[PDB]
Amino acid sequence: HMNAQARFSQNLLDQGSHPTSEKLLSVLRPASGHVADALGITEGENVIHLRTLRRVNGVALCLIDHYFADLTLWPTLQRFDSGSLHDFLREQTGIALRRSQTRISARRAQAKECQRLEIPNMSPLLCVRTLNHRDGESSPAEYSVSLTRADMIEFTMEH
């Protein structure tokens, strides 16, 4: 057994659709070049953007930006409030998202990140970026960018 070196342990596969998560924003907005590339779409074309935040005992720990290319999902995703985003989508539409690719990196918090995660400038973040496809195939339905306070959470994975 490996002991935990951070206060909280989070399963990597569960982290993007956590059940204590709260929606902070749900808007239609033009796709940045980086969002457009992940989704396989055109820069500046509208995407659904939801931002969610989870706290533990008040303390913001994980902020996630979720981008979907399928605007048919808008009347559904705008009604998400709190809880597991993917569970919400699945009950509403029967669409079950599964992960295709994950990227994990660490960087110093800059700018709007410090503000939204409520942390001092340059505090380390773990950044987990995932492409999810419908239980089906290989056109990503969701690109999510999660930023977690590295001083509070360690990710775990069982194989």
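When you see a residue number, it is the position in the sequence shown, counting from 1.
**Student:** Which has the higher mean CA temperature factor in the PDB entry, 118-126 or 56-64?
**Tutor:** Stretch with the greater average CA B-factor: 118-126.
**Student:** Tell me which stretch, 46-54 or 91-99, has the higher mean Cα B-factor listed in the entry.
**Tutor:** It is 91-99 that shows the higher mean C-alpha B-factor.
**Student:** Please work out which residue in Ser17, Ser144, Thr148, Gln10 has the highest C-alpha B-factor recorded for this crystal structure.
**Tutor:** Highest C-alpha B-factor among the listed residues goes to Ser17.
**Student:** Take the CA temperature factors straight from the PDB entry and tell me which of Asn132, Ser32, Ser105, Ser26 peaks.
**Tutor:** Result of the comparison over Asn132, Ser32, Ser105, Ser26: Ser32.
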